[PDB]
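In: got a structure for you, letters missing:
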Ligand SMILES: [Zn+2]
Ligand SMILES: [Zn+2]
Ligand SMILES: [Zn+2]
């Protein structure tokens, strides 16, 4: 692979893979979404569609599960979440390829994070924004993609933020198919894990400590066979925090949180963290143009493996 | 006239083609059935399978319609009809390529002719032996083709023929799906056309006259679209009688029989008569060692053609 | 010559009227095409019959081959083709 | 299994899931690939419970499992439909088909593949008012 230059007229905010790794959707502040495809010939990225989605900066994007179709969901500063289903009959690079499904204009504040649930929960979607409440949108009938019902409206804050311009929200789902449903909320300076009990409603399970500044990213780790789970949080202060989550079977399981590691190696501000599919290597991108990879050592302590510079 | 040796140790009795014409099945008095295939590359008749079938001389075999699979019936003198289905996951020339399906033990007499019905009537079958009884067997169970139920049981002859007198029985269906179900049945010297009535039972519909001696072969001409049905008959006399049948109590439509032509060219016994795909060529074999081809020129009257000696 | 009769007849025989003789000729030619293992030519004959049965209004008059798939839906236990 | 699905390794994932000792790994609806059909002649559902019962009784009274291979959904027990015919060769069809979607016609792999690639045709072999291209 080689780096490719986008057609974006401003900063690219959130970039999210599809399931198969052959498509890249880049949402940007210029009111545009550009979906790329990985051609088998010549091994270079070619643009597939580029259309205007919102009336402001799109700050989050997520692909749906491949069994439900080619669905992306975009959250922006227009207090809306708009879904897009790909129509393959239209020509590429035309602007009419991706058709809007539904607009979930229910947040009084600008929405910061959108995340799809794991595929074994059904087509379930999450929203977090400036209003300060977590919204869950389910398609109880996945037959029609235009019928979205709000199924959970949980207040993640004691009070809404007065300083609306200085805030940042993030969400991360738990990909464990057979553990109970867990969702991570990083509202302003906390981090709360939410579980679904027998009541069918979200409850506070555990709180990640520390986090002296705003949380710019959160990422649950896919634990393939491990007896613990990892949560990576990037902060405005610049500290990577990796939390060792242990689960033992009203909630059906109690969670204990142990701060496994803390890393302030980004001399500045951390904007994104993301695990790989093993849950072993963790990426971390800062405002200095540097990307660091963290792998756990022989002890229970992560260390930096490489630094990627974009000179 | 290129010859190919079939490999039987005794007299080859009945040779029949299949629907597609690329497979022939030969039965003989060595109690064996041999299926031969025609390769498109070698262009020569090669043996596909040979297996022992009956305990007596097999004298009549017939192929089923290809929409019901690969089924070969077999009539022999041991008063049985055996049905043979082919499983393609077996080796050629091994004896296990064709699997037995059923034994029809209802016949109290050595069977002479077996003909499958046309495909639009179902997976039916016909039997005729030296007891005067015409038996029809249907495969009414679709799950397994091993339960063949007897449906019709007529009595062509009043009494069975004697032990020391020769007898011949031939069968011929009507291959027209636009006419009621008919079956040309030959007794010793009697030729009968049957029909399926409104009551679901076979009825005597017409009788082909003449036939001063034994009838060796009956062949219904294929319905190409003409308004008249043609029946060819080879007798123990030298006569090749061609009957013109035109169709218009407890029968769907009455039908008349007119003897179109009668030829004495063989000076012997016409052992077999057969038609083409279109019913335009009549092949007859007699005791003069000659196989004569017959065609209709300038009118409906059939005239002779190429004579093939052997 | 039932082949030429069938191919001549299918231009206007189901489209403008209906008679049994043309149906007999069509069935006979289709059976002969099956017997010669010319299945592709039989299918071309069938699509030519279906193309030439379009009336001026546009309604098909050909006796096309009926449906063979009636899938039962798993969520509602009902036929998807009614 | 999700990681195997992320690559284009689906037969390997099928091999892994076929002999998995845990029966509820992917999906909880059981048979998600079951295709029940209604009869093309009578309209009742093709369940063929009488044939399955008879073949199970015959295989219990005998000592072979090849009698149960006669069970299939290509025939109807209610209306005594014999077999399903291919749309090209009009031969019996028992073990693998190839459904044409807009018109609902069966067919072998070889017949359908020959008709749509070797002959480069675009319509259904049975004759349909439309284009079932490629
Ligand atoms: Zn039925
Ligand atoms: Zn086929
Ligand atoms: Zn069709």
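Out: Here it is on my side, so go on. Numbers count the residues shown, from 1 in each chain, chains lettered A, B, ... in the order given. Ligands and ions are numbered 1, 2, ... in the order given.
In: which residue packs closest to the residue nearest to the spatial centre of chain C, ignoring adjacent ones?
Out: Geometric centre of chain C, nearest residue: residue C:64, 4.0 Å, by C-alpha atoms, centre = their mean. Using C-beta to C-beta, 6 or more residues apart in numbering or on different chains and skipping the chain neighbours, the partner closest in space to residue C:64 is residue D:127 (5.3 Å). Yep, even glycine has a C-beta here, placed from its N, CA and C like the rest.
In: the one you found against residue C:44, yeah?
Out: No - Residue D:127 is beyond contact range of residue C:44, at 9.6 Å (criterion: C-beta atoms under 8 Å).
In: if you count surrounding residues, which of the two has more?
Out: For the pair residue D:127 and residue C:44, the greater number of neighbours falls to residue D:127 (24 against 18), based on other C-beta atoms under 10 Å in any protein chain shown.
In: just confirm that one is within a strand.
Out: No - Residue D:127: not assigned to a strand; according to DSSP: H, G, I helix; E, B strand; the rest coil it is coil.
In: just list the residues touching it, thanks.
Out: C:43, C:46, C:47, C:49, C:50, C:62, C:64, C:65 (C-beta atoms under 8 Å, 6 or more residues apart in numbering or on different chains).
In: which of the residues you listed sit farthest apart?
Out: C:43 and C:62 (13.9 Å; C-beta to C-beta).
In: okay, the two: which has more neighbours?
Out: residue C:43 (23 against 18).
In: can you get me a residue count around the closest residue to the more buried one other than its chain neighbours?
Out: Nearest residue to residue C:43 in three dimensions, chain neighbours excluded: residue D:125, at 3.7 Å (C-beta to C-beta, 6+ apart). Neighbour count for residue D:125, taken as other C-beta under 10 Å: 29.
In: all strands of the stretch 201-311 of chain A, in order?
Out: Secondary structure of the stretch 201-311 of chain A by DSSP state E, counting those that start in this stretch: the strands cover A:202-207, A:215-220, A:229-235, A:240-248, A:254-263, A:270-275, A:281-286, A:290-296, A:302-309.
In: just to revisit the earlier point, quick check: the residue nearest to the centre of chain C touching residue D:126?
Out: Yes - between residue C:64 and residue D:126 there is a contact under C-beta under 8 Å: 6.7 Å.
In: what sits against the residue nearest to the centre of chain C?
Out: C:50, D:126, D:127, D:128, D:129.
In: ok, residue A:296 next?
Out: With C-beta under 8 Å, 6+ apart, residue A:296 has these contacts: A:280, A:302, A:303.
In: okay, the residue nearest to the first one when sequence neighbours are not counted and residue A:108: tell me how far apart.
Out: Same thing as residue A:280. Spatial nearest neighbour of residue A:280, chain neighbours left out: residue A:295 (6.1 Å); criterion: C-beta to C-beta, 6+ apart. Counting by C-beta to C-beta, to the nearest Å, the gap from residue A:295 to residue A:108 is 42 Å.
In: these two - which one has more neighbours?
Out: residue A:295 (14 against 11).
In: let's verify residue C:6: helix, strand, or coil?
Out: helix.
In: residues in contact with it?
Out: Counting by C-beta under 8 Å, 6+ apart, residue C:6 has contacts C:22, C:25, C:26, C:28, C:29, C:45.
In: any residues touching the lengthiest helix in chain D, and which ones?
Out: When chain D is parsed with DSSP state H, its longest helix is helix D:49-61. Helix D:49-61 is contacted by residues B:143, B:144, D:65, D:67, D:68, D:70, D:71, D:75, D:77 when judged by C-beta under 8 Å, 6+ apart.
In: same thing but at 6 Å, please
Out: B:143, D:67, D:68, D:70, D:71, D:77 (C-beta atoms under 6 Å, 6 or more residues apart in numbering or on different chains).
In: ok, so of the residues you listed, who is nearest residue D:41?
Out: residue D:77 (12.2 Å).
In: would you agree the closest one falls within a strand?
Out: No - assignment of residue D:77 by three-state DSSP gives coil, placing it outside any strand.
In: which parts of chain D sit against ligand 2?
Out: D:86, D:88, D:89, D:108, D:111 (C-beta under 5 Å from the ion).
In: format those as CSV; extra columns: secondary structure, neighbour count and distance to residue D:25.
Out: As requested, the residues of chain D next to ligand 2 are exported to CSV (DSSP: H, G, I helix; E, B strand; the rest coil; neighbours: other C-beta atoms under 10 Å in any protein chain shown; distance: C-beta to C-beta, whole Å):
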residue, secondary structure, neighbour count, distance to residue D:25
D:86, coil, 23, 37
D:88, coil, 23, 39
D:89, coil, 23, 40
D:108, coil, 18, 33
D:111, helix, 22, 37
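In: closest to residue D:19 among these?
Out: The closest of these to residue D:19 turns out to be residue D:108 (C-beta to C-beta; 29.2 Å).
In: nice, that's everything, thank you.
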